[PDB]
Every structure is written in structure tokens, then in C-alpha cells.
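Remarks on the structure that follows.
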Amino acid sequence: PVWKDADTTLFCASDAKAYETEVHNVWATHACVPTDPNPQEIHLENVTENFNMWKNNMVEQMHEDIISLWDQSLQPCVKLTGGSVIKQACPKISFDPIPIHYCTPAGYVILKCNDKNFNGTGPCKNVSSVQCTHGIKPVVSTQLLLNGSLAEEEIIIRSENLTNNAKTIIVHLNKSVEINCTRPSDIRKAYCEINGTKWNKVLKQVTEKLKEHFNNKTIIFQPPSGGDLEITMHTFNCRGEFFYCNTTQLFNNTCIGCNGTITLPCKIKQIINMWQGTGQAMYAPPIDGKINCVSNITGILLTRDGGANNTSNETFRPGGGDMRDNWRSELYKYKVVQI
Ligand SMILES: CCCNC(=O)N1CCC[C@H](C(=O)Nc2ccc(Cl)c(F)c2)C1
Ligand SMILES: *[C@@H]1O[C@H](CO)[C@@H](O)[C@H](O)[C@H]1NC(C)=O
Ligand SMILES: *[C@@H]1O[C@H](CO)[C@@H](O)[C@H](O)[C@H]1NC(C)=O
Ligand SMILES: *[C@@H]1O[C@H](CO)[C@@H](O)[C@H](O)[C@H]1NC(C)=O
Ligand SMILES: *[C@@H]1O[C@H](CO)[C@@H](O)[C@H](O)[C@H]1NC(C)=O
Ligand SMILES: *[C@@H]1O[C@H](CO)[C@@H](O)[C@H](O)[C@H]1NC(C)=O
Ligand SMILES: *[C@@H]1O[C@H](CO)[C@@H](O)[C@H](O)[C@H]1NC(C)=O
Ligand SMILES: *[C@@H]1O[C@H](CO)[C@@H](O)[C@H](O)[C@H]1NC(C)=O
Ligand SMILES: *[C@@H]1O[C@H](CO)[C@@H](O)[C@H](O)[C@H]1NC(C)=O
Ligand SMILES: *[C@@H]1O[C@H](CO)[C@@H](O)[C@H](O)[C@H]1NC(C)=O
Ligand SMILES: *[C@@H]1O[C@H](CO)[C@@H](O)[C@H](O)[C@H]1NC(C)=O
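Under the entry's author numbering, the residues of the sequence shown are numbered 43 to 124, 198 to 300, 325 to 355, 357 to 396, 409 to 491, in order.
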């Protein structure tokens, strides 16, 4: 009387502090339950279970959770939706994401793949059962995945279908690389500092892996080929402020004096295209003084050029935009089943 694949409405849990005014804490205080006081992950002896991170309903559930979070929390000076414009108060908020656990209701469990080099689709030989996922931070980003978990063995390439150039590629790193972004005390001009030595080593490793998957062809990195600034720039939110950073220096191939510190030029933007697809939002100027965030680059989103089937190269560019891949990068090893 065991299990079968099934979709069901999950709930969430967290260590949200009831006394906090930080928006993730407020949201999870009234929309999640407390973290499981006694989590028990149970190994399944001699069991093989197949997974598919690209067809996982948990992704869509988390995505709508994060949309609701942002709709309740952020307050634009003016919002631009369709034919109208709605205008309100826009005070500065406290923004800092917290881990969110996802849990099944009665008669359901989460299966978890524990095979170290599991690429996201296919069988898994080391499977356990949990009641909740681990705490996942809902980090909204582009090009680079930040503050995520790490691949435990080798760098892993995740894709629905590597031969289709339209699908997104998720590179899951086995080594954090720090990105340290500050706006010092133009108020909107800022920058991000990255270790050149470490980054170029990791990028070399990503090229060796991509070569493994693409019949030993020459791997070339290129910047995005136009589009809105949210895709052409590494875009993220640091303590309420929307950073747009130029990553051209990260995706040149020459260091694939390139063992110093790379300094990426950034700008804090007040007017953004919402990742919700819902249009345009206008915020207030940034807080006075030093605005600083130190983050772990743990993943990379990549889109591969088409039309090079008859060439000796494959060229890749930082991608993103549809946030669901961000959640996929952390939900890949989980799946709901009905008991
Ligand atoms: C393949 C997916 C294509 N994507 C899109 O067409 N769009 C619409 C316009 C830009 C949108 C966006 O990423 N906005 C954004 C906002 C704040 C932060 Cl912090 C951030 F990281 C991102 C996403
Ligand atoms: C299976 O996963 C467990 C838990 O993550 C870990 O000890 C190891 O990777 C595997 N153990 C065995 C006995 O296969
Ligand atoms: C960054 O990565 C290190 C290990 O690579 C980890 O100990 C640290 O907690 C990470 N930072 C964040 C904010 O997750
Ligand atoms: C990370 O993965 C690469 C293979 O993708 C491997 O060569 C390297 O040794 C790994 N590093 C660590 C610290 O495990
Ligand atoms: C993951 O494994 C399956 C076969 O076991 C395959 O369909 C898929 O291409 C693999 N992923 C990668 C990145 O090779
Ligand atoms: C992958 O994509 C290519 C071209 O986009 C398509 O011809 C092929 O059938 C796809 N493979 C799978 C397994 O869906
Ligand atoms: C980040 O950079 C700023 C200035 O560039 C520096 O003051 C700060 O100590 C750095 N943080 C870390 C963790 O290295
Ligand atoms: C870069 O990382 C190396 C470790 O490989 C470290 O020794 C070095 O100090 C770092 N450089 C900078 C500028 O952070
Ligand atoms: C890639 O090259 C290595 C040696 O560099 C070779 O052993 C392997 O067969 C090649 N693989 C492909 C898919 O071309
Ligand atoms: C990023 O910087 C390069 C020069 O380093 C510049 O040519 C390019 O136009 C910049 N990207 C954008 C979107 O402005
Ligand atoms: C990543 O985590 C660190 C430590 O919790 C935090 O200071 C930083 O702002 C986070 N980065 C993002 C992009 O949220």
C-alpha cells in the first residue's frame, strides 16, 4: 500500500520571526507554519525512483508563492498595469529572503534523490522520503543564481533537452564564488567585486563540462544579444534596491592580468520591468549611505546560440528571466507522491 506520482497543494514552513518587519518574515509569519520541530528523512532500502525536474508541480506552486510575496511586500511609487496607472505610497522596506520549506498534506510524501551526480531527469538509486523540503531561499535573479545550494561532487549541467537551443541550461556549481556588491556613500552608480582567479577557474571547469556534453566542441562565452536590461544585465535585489550589473567581464574568453579582482559596473534602477510579466514599476531613490550585499554565486543560467550545427563552435550567453528556473535549481531533487 505504497505510492504513485501525484500533484497536491503543498503548504510552507519557516523560522520566520514574528517580531520582524522584514517582508519575507512578515509573509511567512502569516502564510506559513513553523519549521518541523523533528524532521525525519527515511531511506528506502533497495528502491529506484525516476524524477523529472522540468515537469514538477512544486515549481509552479513555489512560483506563485513568490509572486504573492512580492505583491504583498514591495510598494512601488507608481505601478503601470495595462491601460491604467495606480499610484500610492512608496516607503523603503526591509528585504532579505529567508529559507522556505515546502510540505505535503496527509496521505502524501516528498521523495528526495540523494545520488550525488543526479542531473535532474531519470532514475535515482539512493532515494529517501521526507515530509518537507529543506529551507529554500526565494532569490530572484538573472544570469547568476545566488545564495543557493551546491552540487556535491562534480559540476552538473541540467537541461530538459541539450540538443534544443531554446531550452534553458542550469549550471549547478560545486564551488561557491563570492560576488560582493556595494553602492558607496550619481547615487545610483554601484559596483560588484568578484575574485578573478577563482571565477576563471570555475568558468574553465564549466567549459570542460560543456565540452563533455557537446562532443568536444569549442565552447565560447558571449554576452546577451540585446533585449531588455533585466536579461542583458545580471539583475538582483539587495536590501530593497534593484541592481543591474554588467557581466561582460565575466563572459569573455581571453582568461578562459586576469588573476586580479574583477569589478563589474552596476546601476541601481528605480524603474523596472517586473519579472511578474505584469509591466512597469517605479520605486523611490535608494537609501542613503552604504548599500552592500555579499552573495554566493552557486549557479549559472545559460542560453545557447542556434544555427551553429555546421560549425566547430557552440556559443553560450547568460540568460534567465522566467523565475521558475531559479526555483527549479533547488527543487530538482524533490517530488510529490501519493501514499
Ligand atoms: C526567458 C524569460 C524572459 N524574461 C522576461 O521577458 N521578463 C520581462 C521583463 C524583465 C523581467 C525580469 O527579469 N525582471 C526582474 C526584476 C527584478 C529582479 Cl531582482 C530580477 F532579477 C528580474 C522578465
Ligand atoms: C545515499 O544518500 C545518503 C544520504 O544523503 C548518503 O549517506 C550517501 O550519499 C548514500 N548512502 C548510501 C549507503 O548509498
Ligand atoms: C556561501 O557558501 C559557503 C560554502 O561554500 C557557505 O558556508 C555559506 O553559508 C554560503 N553563504 C550563504 C549566504 O549561503
Ligand atoms: C568540481 O567539479 C569538477 C568537475 O566538474 C572537478 O574537476 C573538481 O575537482 C570539483 N571540485 C571540487 C572541490 O569538488
Ligand atoms: C541525464 O541522464 C539521462 C540518461 O540517464 C539523459 O537523458 C540526460 O541527457 C542526462 N543529462 C545530461 C546533462 O547528460
Ligand atoms: C530536442 O530538441 C530537438 C530540436 O529542438 C528535437 O528535434 C528533439 O526531438 C528533442 N529531443 C527530445 C528528447 O525531446
Ligand atoms: C566587499 O567590498 C567592500 C568594498 O569593495 C569591502 O569594504 C568589504 O569588506 C567587502 N566584503 C567582503 C566580505 O569581502
Ligand atoms: C582568490 O582566491 C584565491 C584562492 O584560490 C585566494 O588565495 C585569493 O586571495 C583570492 N583573490 C582575491 C582578490 O580575492
Ligand atoms: C573528448 O575528448 C576526450 C579526450 O580529450 C576523449 O577521450 C573523448 O572520447 C571525447 N569525447 C567526445 C564526446 O568527443
Ligand atoms: C557592458 O560593458 C561593455 C564594456 O565593458 C559595453 O560594451 C556594453 O555595452 C555593456 N552592456 C550594456 C548592456 O550596456
Ligand atoms: C545572500 O545571503 C547573504 C547572507 O544571508 C545576504 O547578505 C545577501 O544579501 C544575499 N544575497 C541576495 C542577492 O539576496
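C-beta: ideal position from N, C-alpha, C; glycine also.
Could you check if residue 348 belongs to the surroundings of ligand 4, using beta carbon to heavy atom distance under 7 Å?
Stepping through the sequence shown from its first residue, residue 348 is reached at position 209. The answer is yes for residue 348.
Inter-residue CB distance, residue 226 and residue 489 (contact presumed, cutoff 8 Å):
The residue labelled residue 226 in the question sits at position 111 within the sequence shown. The residue labelled residue 489 in the question sits at position 337 within the sequence shown. Yes, they are in contact, since the Cβ atoms of residue 226 and residue 489 sit about 6 Å apart, within 8 Å.
How about residue 11 and residue 372: are their beta carbons less than 8 Å apart?
Residue 11 falls outside the range modelled here, since the chain spans only 43 to 491, and no answer is possible.
So, with DSSP's three-state summary, where would you put residue 275?
Here residue 275 refers to the residue found at position 160 when the sequence shown is read from its first residue. If DSSP states are grouped into helix, strand and coil, residue 275 belongs with coil.
When we look at the beta-carbon of residue 212 and count the other beta-carbons within 10 Å, is it buried (16 or more) or exposed?
Taking the first residue of the sequence shown as position 1, residue 212 is located at position 97. So residue 212 ends up on the buried side.
Within 10 angstroms of the Cβ of residue 410, are there 16 or more other Cβ atoms? Answer buried if so, exposed if not.
Position 258 of the sequence shown, counted from the first residue, corresponds to residue 410. Answer is exposed; the Cβ neighbour count stays below 16.
Minimum C-alpha distance to residue 242 - residue among 88, 367, 476:
As a first step, residue 242 is located in the sequence shown; it is residue number 127 there, counting from the start. Comparing Cα positions, the closest option is 88.
DSSP three-state assignment for residue 452, whether helix, strand or coil:
Counting from 1 along the sequence shown, the entry for residue 452 is found at position 300. In the structure shown, residue 452 sits in a strand (DSSP, three-state: E or B).
Excluding five sequence neighbours on each side, which residues of the same chain lie with their C-beta closer than 6 Å to the C-beta of residue 62?
Counting from one through the sequence shown, the residue named residue 62 turns up at place 20. Correct list: empty, nothing qualifies.
Contacts around residue 342, its chain only, beta-carbon distance under 7 Å, and the 5 residues preceding and following it disregarded:
Stepping through the sequence shown from its first residue, residue 342 is reached at position 203. So the qualifying residues of the chain are 396.
Going by CA-CA distance only, name the one from 484, 452, 456 that's closest to residue 259.
As a position in the sequence shown, residue 259 is number 144, starting the count at 1. The candidate whose alpha carbon is nearest that of residue 259 is 452.
Quick check on DSSP: helix, strand or coil for residue 483?
For the purposes of this step, residue 483 is taken as residue 331 along the sequence shown, with counting starting at 1. In this structure, residue 483 counts as helix in the three-state DSSP scheme.
Quick check on this structure: which residue in 298, 281, 439 has the alpha carbon closest to the alpha carbon of residue 419?
Your numbering for residue 419 matches position 267 in the sequence shown. Of the listed residues, the one whose Cα sits closest to residue 419 is 298.
CB-CB under 6 Å to residue 66, same chain, minus the five flanking residues each way: which ones, in chain order?
Position 24 of the sequence shown, counted from the first residue, corresponds to residue 66. Cβ within range, chain order: 212, 213.
Counting C-beta neighbours from all protein chains within 10 Å, is the total for residue 481 16 or more, i.e. buried, or is it exposed?
Your numbering for residue 481 matches position 329 in the sequence shown. Burial call: buried.
Taking Cβ to Cβ, would you say residue 232 is nearer than 8 Å to residue 273?
Along the sequence shown, one-based indexing puts residue 232 at 117. Along the sequence shown, one-based indexing puts residue 273 at 158. It is not a contact, given that the beta carbons lie outside the stated cut-off.
Distance, residue 278 Cα to residue 467 Cα
The count along the sequence shown starts at 1 and reaches residue 467 at position 315. The count along the sequence shown starts at 1 and reaches residue 278 at position 163. Whole-angstrom Cα-Cα distance: 13 Å.
When every heavy atom of ligand 5 is checked, does at least one fall within less than 7 Å of the C-beta of residue 234?
Here residue 234 refers to the residue found at position 119 of the sequence shown. Flag set: Cβ of residue 234 near ligand 5.
Would you mind reading off the limits of the beta strand (DSSP E) that contains residue 108?
Numbered from its first residue, the sequence shown carries residue 108 at position 66. Per DSSP, residue 108 belongs to no beta strand (DSSP E); it is in the alpha helix (DSSP H), 99-115.
Between residue 458 and the rest of its own chain, which residues show a CB-CB distance below 6 Å, the 5 nearest in sequence each way excluded?
Against the sequence shown, residue 458 aligns to sequence position 306. 280.
State the start and end residues of the unbroken beta strand (DSSP E) segment that holds residue 284.
Your numbering for residue 284 matches position 169 in the sequence shown. Run containing residue 284: 284-298, per the beta strand (DSSP E) assignment.
Take the Cβ of residue 97 as the centre, count every other Cβ of all protein chains shown within 10 Å, and call the residue buried at 16 or more, exposed below.
The sequence position of residue 97 within the sequence shown is 55, counting from 1. Its Cβ having fewer than 16 others within 10 Å, residue 97 is exposed.
Is the beta carbon of residue 215 less than 8 Å from the beta carbon of residue 270?
Against the sequence shown, residue 215 aligns to sequence position 100. Against the sequence shown, residue 270 aligns to sequence position 155. For residue 215 and residue 270, no; Cβs fall outside 8 Å.
Using the beta carbon as the reference atom, which residues fall closer than 5 Å to any heavy atom of ligand 8, ordered along the chain?
334, 336, 337, 413
Quick one: measure Cβ to Cβ for residue 109 and residue 428, integer angstroms, because I've assumed they're closer than 8 Å.
By one-based count along the sequence shown, residue 109 stands at place 67. By one-based count along the sequence shown, residue 428 stands at place 276. 6 Å between Cβ atoms; contact.
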